[PDB]
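Comments concern the structure below.
Using ideal geometry, Cβ is built from the backbone for each residue, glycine included, and neighbour counts are taken over all protein chains shown. A short reminder: the numbers here are calculations on the coordinates, not readings from a lab.
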Amino acid sequence: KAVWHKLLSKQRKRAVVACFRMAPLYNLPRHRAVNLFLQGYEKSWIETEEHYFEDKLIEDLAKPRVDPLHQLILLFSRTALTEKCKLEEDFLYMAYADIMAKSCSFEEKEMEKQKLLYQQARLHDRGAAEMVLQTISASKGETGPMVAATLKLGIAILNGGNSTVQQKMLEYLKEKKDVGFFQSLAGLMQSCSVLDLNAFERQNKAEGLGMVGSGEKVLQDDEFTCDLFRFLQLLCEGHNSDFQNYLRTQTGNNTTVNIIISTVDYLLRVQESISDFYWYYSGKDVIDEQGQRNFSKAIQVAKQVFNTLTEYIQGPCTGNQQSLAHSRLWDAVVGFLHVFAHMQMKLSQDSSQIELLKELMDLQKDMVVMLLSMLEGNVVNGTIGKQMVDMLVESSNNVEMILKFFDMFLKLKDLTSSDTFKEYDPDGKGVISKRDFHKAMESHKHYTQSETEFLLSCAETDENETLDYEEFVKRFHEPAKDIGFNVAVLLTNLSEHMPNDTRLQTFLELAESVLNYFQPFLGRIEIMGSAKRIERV
Amino acid sequence: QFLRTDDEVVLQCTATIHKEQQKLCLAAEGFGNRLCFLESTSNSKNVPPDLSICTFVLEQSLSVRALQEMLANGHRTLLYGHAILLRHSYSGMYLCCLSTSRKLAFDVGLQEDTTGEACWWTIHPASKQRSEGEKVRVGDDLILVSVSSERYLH
Amino acid sequence: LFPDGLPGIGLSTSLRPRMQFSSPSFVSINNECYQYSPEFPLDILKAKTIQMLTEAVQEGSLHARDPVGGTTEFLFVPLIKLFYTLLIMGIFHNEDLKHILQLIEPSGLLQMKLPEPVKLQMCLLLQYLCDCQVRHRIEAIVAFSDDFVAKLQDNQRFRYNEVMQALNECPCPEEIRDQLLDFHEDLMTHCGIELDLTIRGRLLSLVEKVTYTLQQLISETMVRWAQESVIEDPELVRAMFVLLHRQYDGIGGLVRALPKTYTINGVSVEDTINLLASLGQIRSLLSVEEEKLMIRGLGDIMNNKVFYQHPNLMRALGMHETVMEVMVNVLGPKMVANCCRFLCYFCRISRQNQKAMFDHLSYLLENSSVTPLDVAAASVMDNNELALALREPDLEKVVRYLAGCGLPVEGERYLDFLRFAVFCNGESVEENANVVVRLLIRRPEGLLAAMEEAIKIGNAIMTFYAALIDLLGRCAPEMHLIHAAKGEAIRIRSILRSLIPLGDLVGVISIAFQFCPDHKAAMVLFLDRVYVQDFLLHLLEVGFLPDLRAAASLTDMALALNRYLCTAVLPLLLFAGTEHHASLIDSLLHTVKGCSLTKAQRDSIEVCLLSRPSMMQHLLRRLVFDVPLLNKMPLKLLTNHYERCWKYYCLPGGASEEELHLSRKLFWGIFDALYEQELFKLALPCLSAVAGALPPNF
Amino acid sequence: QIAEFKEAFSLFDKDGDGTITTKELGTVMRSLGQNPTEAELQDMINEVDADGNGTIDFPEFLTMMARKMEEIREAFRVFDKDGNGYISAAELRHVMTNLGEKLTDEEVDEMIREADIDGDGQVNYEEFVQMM
Ligand SMILES: [Ca+2]
Ligand SMILES: [Ca+2]
Ligand SMILES: [Ca+2]
Ligand SMILES: [Ca+2]
């Protein structure tokens, strides 16, 4: 009756809105249809590979008089040394630079190593990298595509951590000192990035209402910044100690802009952005792919900038860590831990977040490797070591969180094959039980059941509630354990090295289980690492 | 050196009125006063001002994250870019905006409860030299805005 | 593209506009030749050029100590460019070129060593050669395109029914939704399917057909001189690497070339040309009373009907930007607003046209006149995405302009722009509504007392604050419990009233009687969207008294009538309830525009439900003072709707029900006086119902 | 043909003027299940809007509706399942889930029965006109 009137009204409604656009389909216009077909063929088909030719063309260019490739390099250099009070487009740079940058299990690895070195010669023997350096000094703060081309070329030169290029570039700085160069470095560092989530809400609300070329939000080409920092890193990998001290000190010019503290508070700003991204995402517990992807991007940024940080201090040239003793790094690390603890819980839930969890734990790993590299110049009671103590002090609660967090899958790795955990419900197939598994783990004199409930977050959640006694378990088994080994190395080095720190005694016993877990796996020696000390390692 | 929670401090202005740098400090009474007022500290040599109605306890000082949590229901350092919970030390009450006018500004005085935006005052250093994201030190300049009325501590 | 190649193209179906030179007229055509040039007998000289060069090469074949101006560079450079210019203007039909190319081919000229600047000339020639070749490569794909979508549209959309008519096609869950998308999106996966119907093999051949003599040697020519002859004049050296890169990426040239092309039918081709001729005419006058010639051409572009039909082309021209920098080149004087007037017209013709103009307010906001700010507001006029797309710090510069307003007139246009900036759809965007108050924390502008002080003591500061009262109520939090069940918009809701009292009756009732046709409504939304029936009477007859009867008194008040037909429809939700009916029925007597009166007619029967229910049946006899006069046709549509009102208020009815039956007998008498008659055929039942359940220029 | 489109028009001529504003379109589509944008909803209109009054007039609506397909017979064909002379009770309650509307057991059992004047326990081919 009335429901029949409802069905016919919705029927004629669906028929009318079907008549609005179903059969309208490229329908009338020959010219417009042809045109749009052209646009699609443009957007699809052109877009292919021919691109094996360029290195060959380089080899053609590397031919005899002056080599014509060298003529071209000379052109771009003289282009750079023109004083145009700003920098411009020059697309042929934007062709040829990345043409060259295109042009870059043991024995074959050495062979291709040498072939790469031959390529790097084949450019930079013609004085290639100096104009890269010139152009980078040349713009000041401007972040044009020109700059991206230069950075791509500079990394493509310095890919293997080639020492030769580092020598050349230092000597270039020596004779023709450019305060404007590091000035330009600071300015290019300066604005350069941050994810700004109000714009994310703008576009996400827009995805509420606009159904649309997005993705421009993510730190306004984060990627370029990653390239810059990787360029800084591959500037000083190989412990170019002179270059590390120069980047601190920059002495030959008038002035000095220590770029170290510059990148310190840069990544501090990055930390701020991601921590407020948590204070946003503290409550909503489900993230779709957009925020996840922006996370992953920023994650790679953090990883890169930590690698730069290590490579400043990795050769333990003291002035880096002396400056960084008075850096504002420490609290940003503290907030990082504050991120990590709360993040790891809600990441450790479902099928989705596990990849991003790997991201966080891996950045977590080499993050602590950074302060391991910081650590290595200690004496008896580390002043710097005490700074590590004090910054550990304020980061207590989250440290309890993460140690419990490691203890979860650690004791998983313990019980995971005992027959009072394996032959408990079945013989064994992987499919075991929920509650017999649950009371197995619980009956091991082991868990407050909160840990089981977190383990019963999902653990299979597929029709049967028997888990996979290996797969979920191997997802937990290794993939959070290296980091615990690292921090174990860390805190043992602190406590062993600097003794008599009462709170540190509390901290160390406070998850002593993982330490004694890792006692089968650490290794220590003692040597004289060229400071003529017994420097244990 | 710096400032964390639960430490004791006053505010003060030095209002240069009639070209006299009048070191007037804040003063709210309570127990029959629902308003703040001023208190001169310049003539300390002959008129010692009272301190008790001028001391104020830093109970808490978080950002927008924690704030939203409290509204949606021992040494934390105090940061440019925080709004804090501030108690009057003596009365125990909680300083806040008051929703009357006596011009079109809003009145200033104590209250009990920590609910609502009124007991929150965001910190901004009034210099480019200082900035948001670091601790407040001994004797810094600062600008406090309400969170209910979002007007200035004027 | 190919006989189973040589750049002697015969067809050349491009456009490349026409060259009809003025005769050297030495009569009164002085500023009427005025278009081209003096002209001359061309093709004598084209004989000479071949006569010259082929001799001159053979004269330079010995490379004697002879040469004419002393050097070869004295010889050749004024020749080749002169030829190359003459090459440009579309002469030398291919058999001319066939000899000419075989000078250049022999396959000699390139086989000679040559000095420095000649190959700086010569490289441009072969550069020019690739372009028409690329055009020839471009024009070739046009022919592939035409039949193929004609093969394709005749394939799928016909069969698209034949899947859906096999399915039904009133159901459309997924299979119709598979081919229900955007037109480009319909073309998107249609083409991209072949990237992973056998007819895609034609495409598959075509890409491989358009993959690929000269491309070999052009590279080989450079690396002669690149090797041997270590070169000065780097711009020459610059120019060579273009071509090499143009050689080894011939493909990327096609990429950029692709969004230049266009296809049309044969009729439209004239309105291209004259427009195209007058197009580059504007591009010509870029290099400079220095505006007057432009202004006539601007409207001709407007006067094209082939101006809306291919709108992305004009966007693909980017010809707006050619206006834009010219206006920037002005801004370093009277004819300025024409281009403005073109521009705000221009972007408005489509959403995507508004899109490309969005980037340029960033400049244009800095450029107040007294208009360009109209154009600045033009590309943000409506579009909801664009409301999200914009940024905040620009708006500070807008209110910096408002910050200096400490007197004035001139702030009044930013607000109108900002009123576009925050509402744009009938829909107040809260992000923009968030940010607008924050500056006003640090920027003020008994000010509201001064409004009636302006009623005596130039009309502007009335209107100037009247924009301010529009935008604030425009930046309401929301329209619902959306505003209520929320967070901290409530905090601005206090700020919405910590700043403003009621107060406004300085304008509310006062300007409702005497500016008056608009600015009363400038108040109305603010009290509506920010601030049950106590305020009815507190504001009753406020304008509604003097409005309702003055219909024959046209004429700004008769202009003002629909300007407040919005107003009484807004509150559509105890003595003076008849006084509202006094204000109601007289306008109903005035309505015994009209569609806006039909909007106000919607305010009639909705009052009948809220209608002390005794005052409704009594005042309906005033309708019965006209209901026998029904059969005023608008009055005949009104009381017939009001006949159901006593059919509504009958439950409280069960003094005037006696003659109402006589009026029902007069309703039978109007039925004794006679579709449109069905307006009473339902109303007689309400006339039966008013008798039934109630019994349960004057 | 003629009135069956005007009934389809006046179903969507909500304001009742012969013209369809773009707000009228998404008003139905947000009661039909969708939630389209006005910058899309205008684009449903403007290609149909060849007369260019801003709205959609019925003679442009009429010829637009003419090339798709009575509406009644397929509407009964959504109702009728196999062709056994009647629509069974579980058959009719399976019709409603294709337009997405849900139901309980009680509501339509009386709606069959308030249409079941003859009393055969089903809805035959006859009762599509007794209820309509
Ligand atoms: Ca309409
Ligand atoms: Ca129409
Ligand atoms: Ca049956
Ligand atoms: Ca039946």
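So the values come out like this:
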| item | result |
| --- | --- |
| Cβ crowding within 10 Å averaged over residues, with A:191-203, A:229-241 ranked highest first | A:229-241, A:191-203 |
| Alpha carbon centroid spacing (whole Å) that separates the range C:102-160 from the range A:482-537 | 71 |
| Estimated FRET transfer efficiency when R0 is 56 angstrom, pair C:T598-C:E175 (beta carbons, to 0.05) | 0.80 |
| 5 angstrom amide H check on D:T19, placed H, neighbours 5+ away | none |
| Nitroxide proxy distance, nm - points 7 Å out along Cα→Cβ at A:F454 and C:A552 | 8.7 |
| 3J(HN,Hα) from dihedral phi, the range A:235-250, Karplus parametrisation 6.51/-1.76/1.60, rounded to Hz, x for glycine, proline | 6, 10, 5, x, 6, 5, 5, 3, 6, 5, 5, 6, 5, 5, 10, 6 |
| Residues whose placed amide H lies under 5 Å from that of A:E535, excluding near-sequence neighbours | A:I527, A:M528, A:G529 |
| Whole-Å semi-axes of the ellipsoid equivalent to the range C:104-229 (Cα gyration tensor, √5λ, descending) | 52, 13, 12 |
| Simple spin-label estimate for C:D4 and C:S61 in nanometres, 7 Å along Cα-Cβ | 3.9 |
| Size-normalised alpha-carbon gyration radius of the range C:293-356, reference 2.2 N^0.38 Å | 1.09 |
| Simple Cβ-charge dipole of chain B, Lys/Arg +1 and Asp/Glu -1, about Cα centre, in debye nearest 20 | 440 |
| Equivalent ellipsoid semi-axes - Cα gyration tensor, the range A:360-411, angstrom | 24, 14, 10 |
| Restraint check, A:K303/A:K346; A:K168/A:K365; C:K632/D:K6; A:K174/A:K532; A:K174/A:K303; D:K81/D:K102, Cα-Cα greater than 26 Å | A:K168/A:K365; C:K632/D:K6; A:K174/A:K532; A:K174/A:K303 |
| Calculated FRET value between D:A90 and D:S31, using beta carbons and R₀ = 25 Å, to 0.05 | 0.35 |
| Qualifying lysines (Cα of each under 26 Å from Cα of C:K456; at least 8 residues distant if same chain) | C:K520 |
| Inter-chain Cβ neighbour average for residues A:192-199, partner chain, 10 Å | 1 |
| Rg/Rh (Cα only; Kirkwood hydrodynamic radius) as it applies to the range B:1-147 | 0.96 |
| Residue mean of other protein chain beta carbons inside 10 Å, C:217-225 | 1 |
| Average beta carbon contacts from partner chains per residue of C:235-247, 10 Å cutoff | 3 |
| Protection proxy ranking, peptides B:76-86, D:91-101, average beta carbon neighbours within 10 Å, highest first | B:76-86, D:91-101 |
| Rounded if a/c under 1.5, otherwise prolate or oblate - the range C:1-151, Cα gyration tensor axes | oblate |
| Directionally averaged shadow of the range C:230-347, computed from the convex hull of its alpha-carbon atoms, nm² | 10.9 |
| Rounded, prolate or oblate (a/c below 1.5 giving rounded, otherwise prolate when a/b exceeds b/c) for the range C:167-318 by Cα gyration tensor | oblate |
| Where N is the number of residues in the range D:1-69, Cα Rg divided by 2.2 N^0.38 Å | 1.06 |
| Dipole axis of the range D:1-69 (+1 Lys, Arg; -1 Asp, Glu on Cβ), positive-most option in D:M65, D:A8, D:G33 | D:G33 |
| Dmax and Rg, reported as Rg then Dmax, of the range A:293-365 (C-alpha, Å) | 14.5, 46 |
| At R0 = 35 Å, FRET efficiency that the Cβ-Cβ distance of C:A673 and D:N124 yields, to 0.05 | 0.15 |
| Three semi-axes of the equivalent ellipsoid, the range A:141-198, Cα gyration tensor, whole Å, largest first | 26, 16, 10 |
| Radius, Kirkwood style, for the range A:153-256 when every pair of distinct Cα atoms is counted (Å) | 16.3 |
| Nitroxide proxy distance, nm - points 7 Å out along Cα→Cβ at A:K404 and A:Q290 | 3.4 |
| Sequence ranges C:88-97, A:144-153, ranked by mean other-Cβ count within 10 angstrom, highest first | A:144-153, C:88-97 |
| The range A:144-157 - phi-based ³J(HN,Hα) in whole Hz, Karplus 6.51/-1.76/1.60, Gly and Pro as x | x, x, 3, 5, 5, 5, 5, 5, 4, 5, x, 6, 4, 6 |
| Residues of type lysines that C:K48 reaches as a straight line, Cα spacing below 17 Å, ignoring anything fewer than 8 places off in the same chain | C:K81, C:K98 |
| For chain A: span of alpha carbons on each principal axis (Å, largest first) | 86, 84, 46 |
| Between the range A:416-462 and the range C:459-514, the Cα center-to-center distance that results, in Å | 64 |
| Rg over Rh, two decimals, the range D:70-132 (C-alpha only, Kirkwood Rh) | 0.93 |
| Percentage of interatomic Cα-Cα distances in chain C larger than 36 Å | 66 |
| Residues with amide H under 5 Å from that of B:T41, placed H, sequence gap 5 or more | B:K23, B:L24, B:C25 |
| Charge dipole magnitude, Cβ of K and R +1, D and E -1 - the range D:70-132, Cα centre, debye nearest 20 | 260 |
| Tensor-based shape of the protein assembly as shown (alpha-carbon gyration tensor, a/c under 1.5 rounded, otherwise prolate or oblate) | oblate |
| Unsatisfied cross-links (Cα-Cα over 31 Å) in the set A:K176/B:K128; A:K115/A:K358; A:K152/A:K177 | A:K176/B:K128; A:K115/A:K358 |
| Size-normalised alpha-carbon gyration radius of the range C:332-409, reference 2.2 N^0.38 Å | 1.15 |
